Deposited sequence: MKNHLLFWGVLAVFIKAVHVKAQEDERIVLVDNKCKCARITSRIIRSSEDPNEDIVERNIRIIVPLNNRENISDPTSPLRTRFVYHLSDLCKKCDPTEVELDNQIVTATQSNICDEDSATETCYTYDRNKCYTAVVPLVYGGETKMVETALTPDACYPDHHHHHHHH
């Protein structure tokens, strides 16, 4: 009954909304704005680099959660035009479940120093 406005996975915020429209009395309606921040509390600052300090300040601007970095198609009077619905289009507070985060480290192996590539989130990082 509550539609979903945002489902951000870089900062893990999930704004939903629902008009509870009182048919009894005419202009006392209740729009709701449930927000569901999850604070990772164990993650680094540069999350793709495990040498950074712990993240201790989490700043959530709603204009930067809600943004749409995806183009759209609009029918303008005969045509289909493509549009850029953004105006602002970063640091990430959580990893994404469906995304592969690696980090290159310098292991030695004998007479060389090979830049091998580890996997910070395994099971999202398998090749197919």
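If you line the structure up with the deposited chain, the stretches without a C-alpha atom are 1-25, 115-120, 160-167.
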